[PDB]
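Fold and geometry: a report
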Amino acid sequence: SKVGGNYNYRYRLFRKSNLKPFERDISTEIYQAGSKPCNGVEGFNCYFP
Amino acid sequence: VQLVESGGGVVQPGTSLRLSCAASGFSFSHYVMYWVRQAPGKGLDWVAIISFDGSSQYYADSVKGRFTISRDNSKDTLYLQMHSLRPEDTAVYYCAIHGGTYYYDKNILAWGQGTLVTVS
Amino acid sequence: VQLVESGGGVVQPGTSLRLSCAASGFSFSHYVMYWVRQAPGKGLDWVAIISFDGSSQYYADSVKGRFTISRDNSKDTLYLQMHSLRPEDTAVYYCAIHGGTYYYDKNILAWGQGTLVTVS
Amino acid sequence: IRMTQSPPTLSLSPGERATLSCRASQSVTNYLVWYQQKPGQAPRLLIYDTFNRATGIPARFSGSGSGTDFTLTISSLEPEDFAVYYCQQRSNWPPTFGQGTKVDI
Amino acid sequence: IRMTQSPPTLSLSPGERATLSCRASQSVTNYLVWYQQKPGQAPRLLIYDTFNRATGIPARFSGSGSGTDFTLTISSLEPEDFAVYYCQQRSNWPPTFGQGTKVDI
Ligand SMILES: *[C@@H]1O[C@H](CO)[C@@H](O)[C@H](O)[C@H]1NC(C)=O
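Residues numbered from 1 in each chain as written, not as in the entry; some residues may be left out. Chains lettered and ligands numbered in written order. Part of a larger assembly, values for the part shown. Heavy atoms only, no water.

For this entry, the PDB record names cryo-EM as the structure determination method and reports a resolution of 2.8 Å.

Below you can see the structure in the form of structure tokens.
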């Protein structure tokens with residue numbers, strides 16, 4: 001902990017399906033929301049998850 | 001555990017004063033310390049905190065900007081460095097221990113015995 | 001969307017002026033509109049609001065009592081009705097859209113292009 | 001996150017039992033400590049972390065309570081244990097002490 | 001509920017990046033919109049609701065920030081995009097515009 005913040009510690013907040021036990025994913029890409037093709041833009045409901 | 005504080009007396013409104021807190025017994029590093037004032041005829045209220053090395057110091061109201069707390073475990077003491085004071089924070093001051101940094105740190109708490117500062 | 005405003009010119013300090021805002025494109029009902037002035041050489045600041053039919057009009061400072069904003073969706077326009085003016089609110093005026101009334105209203109915003117009023 | 005001690009001064013004789021309540025502005029768990037300050041002394045701590053008192057404090061001092069409401073109980077102290085009492089939290093930064101409750105006779 | 005834009009005029013060349021901050025007197029979430037007003041034109045809007053810019057605004061314009069502190073960033077605009085900028089809220093009534101920040105060279 002640090003005053004002003006300590007931001008080393010991220011976490012996935014958005015994914016596709018339910019992850020199975022005891023594997024991981026470091027596939028840092030865009031996130032896609034709906035029926036729009038964003039696929040690596042942002043702003044209009046795209047993300048970094 | 002033991003705590004001995006020093007740097008009390010009478011000053012003028014607009015001088016400085018070395019507020020020092022010496023610790024022994026328990027290991028002075030791995031441990032979070034802080035200060036607490038009490039104006040005579042009041043309750044209890046805190047001053048400033050330091051986190052086991054100088055990377056993060058939090059402050060209270062109306063003492064931010066006149067108070068620079070620093071610790072140094074290579075000479076195992078604590079400082080407030082009251083600086084350019086007011087004629088209204090005449091009080092008694094105590095250095096106390098918040099406690100704990102790792103999992104094996106066995107949190108115990110202890111207090112000093114007071115340091116009196118007065119103004120003119 | 002489109003917005004066209006009209007009713008600018010030169011007046012005297014103590015006359016009236018029809019400030020009208022015509023809208024098309026998007027449906028003029030189901031949508032909250034308002035006005036915003038700018039004195040030339042200043043920033044931006046608002047005037048008055050109307051809520052999709054006349055039931056609730058909010059006003060700003062020093063324009064309450066000289067300004068009667070009204071909308072009428074059966075002829076799809078907007079009015080300020082500047083009335084008994086001052087020689088200090090010479091400015092440019094814009095009608096803009098706050099947005100949204102129901103859940104299906106897909107909030108989009110748009111601005112006019114200005115109407116200039118001057119005093120003597 | 002501000003502490004408060006709502007019972008004011010009391011007049012319990014050397015006997016009987018006393019029960020003192022401390023609240024909190026939000027959820028604090030097993031993080032309080034009690035202090036007993038005489039007229040003009042250092043505030044001596046009483047209770048580690050809502051349940052176990054420290055060394056040199058007898059068994060008649062007990063500390064309990066949970067959630068956001070905490071309680072210190074004197075079973076049958078003695079003919080002196082009249083001072084002011086404080087509740088302090090060590091959840092986060094920093095440790096707020098509250099208001100305080102005296103006792104008289 | 002009054003907006004404010006605390007960075008004053010800046011002198012960033014056609015290149016480099018610029019970062020502009022807008023506060024609020026209380027909690028406003030995803031309700032701000034950015035305007036870029038040239039000398040003597042209509043104030044053209046930039047960004048829907050803190051995250052997506054409207055049509056006809058390129059990708060070098062980005063808008064972010066949260067809580068009560070919001071930020072507009074120019075990555076590498078061009079050799080013209082120097083005007084005044086405004087932040088407006090649509091939380092309640094009515095939409096306050098703040099102060100404004102010019103840019104020079
Ligand atoms: C092996 O590759 C898969 C790819 O589907 C990955 O999910 C998995 O985590 C990898 N194994 C380990 C031990 O990380």
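Below, the discussion takes up the overall build of chain A. For chain A, the helix and strand inventory stands at 0 helices and 0 strands. Its C-alpha atoms give chain A principal-axis dimensions of roughly 40 × 30 × 15 Å. Scored against the burial criterion, the 49 residues of chain A give a buried share of 10%. Excluding contacts between residues fewer than 6 apart, the proportion of contacts in chain A whose partners are at least 24 apart in sequence is 18%. Surface summary for chain A: the accessible area is close to 4,600 Å², and the carbon and sulfur share equals 54%. Taken together, the 8 basic and 4 acidic charged side chains of chain A have centroids lying 5 Å from each other. (Helix = DSSP H or I, 4+ residues; strand = E, 2+ residues; numbered from the N terminus. Buried < 20%, exposed > 50% of the residue type's maximum accessible area, 1.4 Å probe, protein only. Contact = heavy atoms within 4.5 Å. Areas by Shrake-Rupley, 256 points an atom, 1.4 Å probe, with all protein chains shown as cover. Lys, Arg positive; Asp, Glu negative; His and termini not counted. Charge placed at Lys NZ, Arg CZ, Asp CG, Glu CD.)

Scanning chain D from N- to C-terminus turns up 0 helices and 8 strands. The helix and strand sequence of chain D, counted from the amino end, reads β-β-β-β-β-β-β-β. Scaling as 2.2 N^0.38, a compact globule of 105 residues should have a C-alpha radius of gyration of about 13 Å, and chain D matches this with 13 Å. If one aligns the C-alpha atoms of chain D with their principal axes, the spans along those axes are about 35 × 25 × 25 Å. Considering only contacts in chain D between residues 6 or more positions apart, those separated by 24 or more positions represent 52%. (Rg over C-alpha atoms; globule rule 2.2 N^0.38 Å.)

Turning next to the pattern of salt bridges. This structure, assessed with the given rule, holds 11 salt bridges over all chains. The partner of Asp-81 of chain D in a salt bridge is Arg-60 of chain D, with the nearest N and O atoms 2.4 Å apart. Placement of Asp-81 of chain D in the loop between strand 7 (69–74) and strand 8 (84–89) and of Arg-60 of chain D in the loop between strand 5 (52–53) and strand 6 (61–66) is noted, with a sequence separation of 21 residues between them. Of the two residues, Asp-81 of chain D and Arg-60 of chain D, both sit in the buried class. For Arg-60 of chain E, the salt bridge goes to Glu-78 of chain E, with nearest N and O atoms at 3.9 Å. Of this pair, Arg-60 of chain E sits in the loop between strand 5 (52–53) and strand 6 (61–66) while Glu-78 of chain E sits in the loop between strand 7 (69–74) and strand 8 (84–89), and the two are 18 residues apart along the sequence. (Salt bridge = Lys/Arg side-chain N within 4 Å of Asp/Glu carboxyl O.)

For the rest of this paragraph, the subject is unusual backbone geometry. In terms of backbone geometry, most residues other than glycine have negative phi values and most peptide bonds are trans. The step from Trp-93 of chain D to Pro-94 of chain D runs through a cis peptide bond, and the omega angle for that step is 0 degrees. Within the element layout of this structure, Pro-94 of chain D appears in the segment after strand 8. You will see that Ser-62 of chain C, though not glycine, has its phi angle at about 60 degrees, which is positive. With respect to the helices and strands, the residue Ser-62 of chain C is situated in the loop between strand 7 (57–59) and strand 8 (70–72). For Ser-62 of chain C, a relative accessible area of 42% corresponds to the partly exposed category.

Scanning the entire structure with this criterion turns up 5 disulfides over all chains. Paired through a disulfide, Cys-38 of chain A and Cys-46 of chain A show a sulfur-sulfur distance of 2.2 Å. When sorted by exposure, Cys-38 of chain A lands in the same class as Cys-46 of chain A, which is buried. Shown here is the disulfide that connects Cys-22 of chain E with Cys-87 of chain E, its sulfur atoms set 2.0 Å apart. Between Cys-22 of chain E and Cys-87 of chain E, the S-S torsion sits near 75 degrees, and that sign places the bridge as right-handed. Taken together, the residues span a long stretch of sequence, with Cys-22 of chain E in strand 1 (residues 18–22) and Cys-87 of chain E in strand 8 at a distance of 65 residues. Neither residue differs from the other here; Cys-22 of chain E and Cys-87 of chain E are each classed as buried. (Disulfide = S-S within 2.5 Å.)

Looking now at the side chain of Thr-115 of chain C. All names here are of chain C. In this structure, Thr-115 sits in strand 12 (residues 115–118). Here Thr-115 falls in the buried class, since its relative accessible area comes to 5%. Apart from the residues within four sequence positions on either side, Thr-115 is in contact with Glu-5, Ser-6, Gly-7, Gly-8, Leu-19, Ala-91, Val-92 and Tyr-93.

It is worth spelling out the arrangement of the chains at this point. Here chain B and chain C are not in contact; the least distance found between their C-alpha atoms is 35 Å. There is no contact between chain A and chain D; across them, the least C-alpha separation is 10 Å.

To continue, consider the sheet that holds strand 5 (residues 33–38) of chain C. Residue and element names in this part refer to chain C. Taking strand neighbours across the sheet as the criterion, the 6 strands line up as 2-12-11-5-6-7 in an open arrangement whose pairing is mixed. In the strand order of this sheet, the two ends are held by strand 2 (9–10) and strand 7, each with one partner. In this sheet, strand 6 (residues 45–50) lies alongside strand 5 in antiparallel orientation, the contact comprising 4 bridges. Bridge pairing in strand 6 links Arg-37 to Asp-45. (Pairing = 2+ DSSP bridges.)

Attention now moves to the interface of chain B and chain D. In this assembly, 21 residues from chain B lie in contact with 16 residues from chain D. For the pair chain B and chain D, the summed buried area comes to about 1,600 Å², and 67% of that belongs to carbon and sulfur atoms. Among the residues chain B hides against chain D, the three largest losses belong to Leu-44, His-98 and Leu-109 of chain B. Together they make up 38% of the total. If you look at where chain B meets chain D, you find 0 salt bridges. Our count for the contact surface shared by chain B and chain D stands at 5 residue pairs in polar contact. For the side of chain B that touches chain D, the secondary structure elements donating two or more residues are strand 5 (33–38) and strand 6 (45–50) of chain B. Among the residues forming the side of chain B that touches chain D, the class breakdown is 12 nonpolar, 7 polar and 2 charged. (Buried area = accessible area lost by both parts, 1.4 Å probe. Polar contact = N/O pair within 3.5 Å; in protein donor to acceptor, adjacent residues only side chain to side chain. Nonpolar A, V, L, I, M, F, W, Y, C, P; charged D, E, K, R; others polar.)

Moving on to the sheet that holds strand 8 (residues 70–72) of chain B. All names here are of chain B. Taken together, 4 strands build an open sheet; the order of strands is 1-4-9-8 and the sheet is antiparallel. Two strands lie at the open edges of the sheet, namely strand 1 (2–6) and strand 8, each paired on one side alone. Going across the sheet, the axis of each strand differs from the next one's by a mean of 20 degrees, ignoring polarity. (Axes fitted to C-alpha atoms, helices over the stretch in contact; angles between N-to-C directions.)

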